[PDB]
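In PDB author numbering, the protein residues as written are 29 to 230, 1002 to 1161, 263 to 342.
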Ligand SMILES: CC(C)CCC[C@@H](C)[C@H]1CC[C@H]2[C@@H]3CC=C4C[C@@H](O)CC[C@]4(C)[C@H]3CC[C@]12C
Ligand SMILES: CC(C)CCC[C@@H](C)[C@H]1CC[C@H]2[C@@H]3CC=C4C[C@@H](O)CC[C@]4(C)[C@H]3CC[C@]12C
Ligand SMILES: CC(C)CCC[C@@H](C)[C@H]1CC[C@H]2[C@@H]3CC=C4C[C@@H](O)CC[C@]4(C)[C@H]3CC[C@]12C
Ligand SMILES: OC[C@H]1O[C@H](O[C@H]2[C@H](O)[C@@H](O)[C@H](O)O[C@@H]2CO)[C@H](O)[C@@H](O)[C@@H]1O
Ligand SMILES: CC(C)NC[C@H](O)COc1cccc2[nH]c3ccccc3c12
Ligand SMILES: *C(=O)CCCCCCCCCCCCCCC
């Protein structure tokens, strides 16, 4: 009973520690490593700063309030502490909203995956975000627009040991809509179209990129022959210069064995043309290919890339079942191949593609798409932590006191605790994980 408040104190103290530690680690990693200095990571800094202020200025005094069962920091700090609280929550959802919009234009840009913003313009945005949040949060609280007019609230306002957030319904509705719901709805809508667009960008180039790997330097394939890009054979000759000679010939310049990713895509597309042509000539492969849809045509091409035409024509039973759109039966047979035994992961995705006729097997495989997922998790996690609390806001406007006071406080703390989640989610990123490892004397 009094023992538990020490124990509750310990837990809340660990929460405060976790928020401050992780977010300082995030802020440090971005500031210290030049690799992590992207426009996206500038917003992550704004997001991490808001969470940090929560862990320092907001959460500790909220904890003391609950443990001590009263406000011991006076009326001025109460209004100020309340203003900071609201600001940080407003700033976070606005920043998240900016990231989603930024990511949208980056992915729909001809110059792909980089922002339409210079590093300075991005900073201006961040500053503007904090200012708008400040205007939205600090102004109404210090102007006393939020206050309710009934007596009980007036007692609490006047009382120096009472810090309760009593509000008039006009504020409760308008504030929670402008601060939270509006940037929420935008963020959810916009980023959902970010996902669609990323899913759109999956094609045979990405498929072979994932299944085979893209090499910018001249390398030797398993057979010892010189190759480059996505399994593009340059020459069977043992001389390197000839492979370079062949490469320069195909590319159209002096490469010295190194090409760009886009040049590799030219070569790959160049190869695909030959791969399709050979398939249409092959008597055993043409009927299957004619019958197949575009997606499954890519899966077959993927196999011809790996095995050659002769190898693929070996699956006589699987080919006939594919031709008859008996996908599952074709999958059972393809699983029993030498091909599945040697490279099971690649075979699994190709076979799965044959089953569904979709790209749902080459999904969040690209490093860039995994990054989009991490940002998705950040947004989702925030939504789920704060939405219940913010629903109750509106619920009590309709009909007040519908929900117990301890429940409302608890939901707020689920919202508070969110500030500690983001640094942990960033460990999904390989770059952040490596940045963290260096920073922790590991
Ligand atoms: C309102 C009081 C209590 C807290 C002040 C809010 C602070 C944390 C806000 C105010 C202006 C913000 C910044 C505005 C400009 C940028 C530049 C960018 O490269 C990193 C983030 C950064 C630096 C912002 C995050 C942190 C920031 C400094
Ligand atoms: C206002 C009280 C309650 C909290 C203290 C605010 C501190 C933690 C905030 C306010 C201004 C912030 C900074 C503003 C400028 C940037 C530059 C950026 O490249 C790294 C983070 C950094 C250095 C911020 C980190 C922390 C920071 C110093
Ligand atoms: C009031 C309470 C929350 C203050 C607690 C401050 C703690 C969280 C601060 C104070 C000193 C900080 C550390 C100082 C030493 C380093 C090494 C650096 O390369 C990365 C950050 C790191 C690991 C800091 C992490 C957190 C840290 C331990
Ligand atoms: O057989 C047609 C394609 O073969 C090469 O690419 C293969 C390579 O032979 C093989 O060692 C490896 O396992 O797979 C790659 C592709 O996944 C050619 O040089 C391509 O241009 C041909 O289309
Ligand atoms: C202990 C209390 C003070 N903490 C409130 C939440 O942490 C933050 O709640 C909000 C954040 C941003 C805008 C907001 N408008 C509101 C209207 C009513 C209640 C909370 C909020 C609110
Ligand atoms: C490598 O980066 C890991 C070793 C870093 C050790 C730094 C020691 C920090 C001591 C923290 C004590 C501060 C407590 C502050 C409480 C208010």
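Heads up, the beta-carbon is just placed ideally off N, CA and C, and yes, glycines get one too.
Apart from the 5 residues on each side of it in sequence, residue 1066 sits with its Cβ closer than 6 Å to the Cβ of 1028, 1031 in its chain, given in chain order. For ligand 3, residues qualifying as neighbours are 44, 45, 48, 49, 52, 53, 56, 83, 84, 339, 340, where qualification means a beta carbon closer than 7 Å to at least one of its heavy atoms (chain order).
Between the alpha carbons of residue 131 and residue 57 lies a distance of about 21 Å.
DSSP places residue 228 within a helical segment (H, G or I) once states are collapsed to three. The C-alpha of residue 271 is placed about 38 Å away from the C-alpha of residue 296. Proximity to residue 1108 across 1122, 1116, 1082 peaks at 1082, based on C-alpha coordinates. The straight-line gap separating the alpha-carbon atoms of residue 1045 and residue 1019 is approximately 15 Å. Each residue's CA atom was taken as its position, placing residue 159 and residue 1005 some 42 Å apart.
In terms of CA proximity to residue 1129, 1117 leads the group 1135, 1122, 1117, 152.
A distance below 8 Å between beta-carbons, with the five flanking residues on each side excluded, links residue 1053 to the following residues of its chain, in chain order: 1047. With respect to the C-alpha of residue 98, the residue from 190, 267, 339, 287 having the closest C-alpha is 190. When the Cα atoms are used, residue 1041 and residue 1091 turn out to be separated by approximately 39 Å. In the pairwise beta carbon analysis, the stretch 1127 to 1147 is classified as not touching the stretch 200 to 218: fewer than three pairs are separated by under 8 Å.
Bounds of the beta strand (DSSP E) holding residue 1031 are 1031 to 1034. Contact between residue 71 and residue 123 holds, since their C-beta atoms are separated by about 5 Å, short of 8 Å. Its Cα nearest to that of residue 317, the residue 42 stands out among 302, 192, 42. For the pair residue 75 and residue 120, the CB atoms are nearer than the 8 Å cut-off. Secondary structure at residue 1135: coil, using DSSP grouped into helix, strand and coil. A contact between stretches requires three or more CB pairs, one per stretch, nearer than 8 Å, and the stretch 322 to 330 meets this requirement with the stretch 274 to 292. Going by DSSP, residue 273 is part of the alpha helix (DSSP H) stretching over 267 to 298. Between ligand 2 and the CB of residue 125, the shortest heavy atom gap is not smaller than 7 Å. Its Cα nearest to that of residue 218, the residue 135 stands out among 109, 135, 117, 197. Inter-segment contact for the stretch 80 to 94 and the stretch 106 to 113 is present: three or more beta-carbon pairs are separated by less than 8 Å. Where residue 1017 is concerned, the enclosing beta strand (DSSP E) starts and stops at 1014 to 1019. Note that the C-beta distance between residue 80 and residue 52 is below 8 Å. Residue 283 and residue 1139 have their alpha carbons spaced roughly 42 Å apart. When distances are taken from the beta-carbon of residue 79 to the heavy atoms of ligand 5, even the shortest one reaches 7 Å or more. With contacts defined by Cβ atoms closer than 8 Å, residue 294 and residue 204 form a contacting pair. With fewer than three CB-CB distances shorter than 8 Å, the stretch 179 to 195 does not count as touching the stretch 149 to 159.
Residue 1025 carries a strand assignment under DSSP once its states are collapsed to helix, strand and coil. Bridge partners of residue 1057 according to DSSP: 1016. For residue 320, there is no enclosing alpha helix (DSSP H), as DSSP gives it neither H nor E. By the C-beta criterion, the stretch 1093 to 1101 is judged to be in contact with the stretch 1066 to 1080, since at least 3 inter-stretch pairs fall below 8 Å.
With contacts defined as CB atoms closer than 8 Å, residue 55 and residue 68 fail to qualify as a contacting pair. Boundaries cannot be given for residue 205, as no alpha helix (DSSP H) includes it and DSSP labels it neither H nor E.
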